[PDB]
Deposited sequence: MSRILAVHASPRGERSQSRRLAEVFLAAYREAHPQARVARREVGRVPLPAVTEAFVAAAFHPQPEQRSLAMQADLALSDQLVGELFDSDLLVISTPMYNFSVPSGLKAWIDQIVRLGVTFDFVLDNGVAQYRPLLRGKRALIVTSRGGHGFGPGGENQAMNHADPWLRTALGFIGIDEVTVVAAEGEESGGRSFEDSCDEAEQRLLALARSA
């Protein structure tokens, strides 16, 4: 009985390991819940617009009900993206690690959905902005694939990981505090089979209990 939003961030299709692993979760979830709604939002194989100055002017307008129609057009994609999120209970993000972070498309999706007055708010206490998240009741699953090894907790390269740790922080800011990460490592060295098998078993167990 969960409404799902699945956001796919790899540019690769059938060859994407993070997409493949997320679809394993999604299809397993579907077996346990034949009537559940799954919405898919592509941010890897299709371009997502970067934040523009026109976006900034509209999103942060002091009196939002006065936005011109052109300004509203600047926020239209964002509203649709935010709407999908509000209409979901569980958010699944699949993503590669690209250069120690996420693909630029995912960063752009994040930039569209953190919206003043919509997914976060603030007040000034003694002149200092205090921030409050506006999403509530959400969960998130991050499914990730990496070419190298050691980027996870306790790993030799843990300090170079600005992908899922950064995702955690951004999602938490808008109120998604329950976040699970499943990772496959060693993709470039292909061992990697063990890593993917373990990721699949983990996701199957999460699907059953979700």
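Judged by missing C-alpha atoms, the one gap in the deposited chain sequence falls at residues 191-192.
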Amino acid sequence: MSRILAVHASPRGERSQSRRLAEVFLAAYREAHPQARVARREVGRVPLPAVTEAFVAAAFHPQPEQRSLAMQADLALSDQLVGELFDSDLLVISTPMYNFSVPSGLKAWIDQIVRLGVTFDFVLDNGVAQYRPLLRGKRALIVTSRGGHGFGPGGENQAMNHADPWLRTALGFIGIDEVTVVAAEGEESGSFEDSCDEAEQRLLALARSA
From here on, numbers count along this sequence of modelled residues.
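Just so we're on the same page, rigid core means the largest C-alpha set that superposes within 1.5 Å between forms.
For the pair 172-180 and 30-38, rigid core superposition yields a higher RMS C-alpha distance in 4 other deposited structures of this protein in 30-38. Of the other compared PDB entries of this protein that include residues on both sides, all give residue 121 atoms, none of them, and so not a third, leaving it without.
Notably, residue 190 is an intermittent gap: at least a third of the other compared entries of this protein, restricted to those modelling both its neighbours, have no coordinates for it. Taking the mean C-alpha B-factor of each stretch as recorded, 178-186 and 30-38 are not equal, and the higher mean is that of 30-38.
In this entry, 196-204 has the higher mean Cα B-factor, the comparison being between 196-204 and 20-28. Ranking 114, 90, 124, 106 by the C-alpha B-factor listed in the PDB entry places 124 at the top. Per the PDB entry, 135 shows the highest C-alpha temperature factor of the residues 110, 135, 71, 97.
Split the chain's modelled residues into thirds by C-alpha temperature factor. Residue 46 is in the middle one. Residue 161: CA B factor lies in the middle third for its chain, per the PDB record.
Per the deposited record, the Cα B-factor of residue 120 falls in the lowest third when ranked against the other modelled residues of its chain. In this PDB entry, residue 52 carries a Cα temperature factor that places it within the lowest third of its chain's modelled residues. Residue 81 sits in the lowest third of its chain by CA B factor, as recorded in the PDB entry.
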